[PDB]
């Protein structure tokens, strides 16, 4: 018996990744964040951000949550917002697909379409969404907040208090390592805080895609983001406020091909069809398990479903255009017994 969809956020199960476990002589588990009602890991941050703004009086019923995202954050924020009586203004580049605009719109998000741009530009959708929030605060009686996922540390706080404690509880205190990729850094940094408080010997690893700066920074102190990735929701170019004070014990740079191989074999072999960040994360978990050696328990995050990436990540034509692997089963008939 639960009072709203909000009580179904979190307490997600750990699923044993069988091929990754067999390969490493470790128990490697993936946290099923896809089983949140918003269908991603962002339900946690979305809940914490909105609850924080409520607690601080910055939102009243009918108020607006502004965020720049395209965008599990948008989905999570809009679901939570509609459950609590708020609205969302999701700032999105106009050049983003009609597919992603429709998933957000379906849930009642009000899209603000703007020209695409890089982070250095003040009209970049992330940065623009902050100034929009400050503007709307004057003409919205019930308030207007910037969710500010990247630099709002209640994001990290969500994983300290929920994710980490669930992992500690569900591994019966036996977790030896945790690995995750970084967008905002809330998941990795927050879960790291939570876990290391329980047992300071737990090892934390970053799993970084090509095109992100964090691997280079943590390993050599260099400032470089070579290459790129088709993965979405991850790949960070600065030390966000959620990343402040955080140092990983290990760091891995995972190419797209290694992530996609894992991801495609997971569908055929384990019935899990997940997003690109899950490919990166599982690859990181395998590497962490190899570094710690056999007889250890590794946990990572299965952040969302692969259905949302179907038109690129599981699209043969797009993948071949990127010189990346293709799902074996999509290329591949029977005589149908009509009459």
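Positions refer to the first chain, counted from 1.
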{"item": "Deposited-sequence gap flanked by residue 332 and residue 333", "value": "1 to 3"}
{"item": "Segment of higher mean CA temperature factor, 235 to 243 or 122 to 130", "value": "122 to 130"}
{"item": "Residue range whose averaged C-alpha B-factor is higher in the record, 89 to 97 or 260 to 268", "value": "89 to 97"}
{"item": "C-alpha B-factor winner, where the candidates are 170, 208, 113, 176", "value": "113"}
{"item": "Largest Cα B-factor, entry values, listed residues 180, 80, 192, 225", "value": "225"}
{"item": "CA B-factor ranking of residue 161, expressed as a third of its chain", "value": "lowest"}
{"item": "Third of chain Cα B-factors occupied by residue 64", "value": "middle"}
{"item": "Within-chain third of residue 27 by Cα B-factor, per the entry", "value": "middle"}
{"item": "Cα B factor band for residue 310 (lowest, middle or highest third within the chain)", "value": "highest"}
{"item": "Ranked against its chain, the third holding the CA B-factor of residue 292", "value": "highest"}
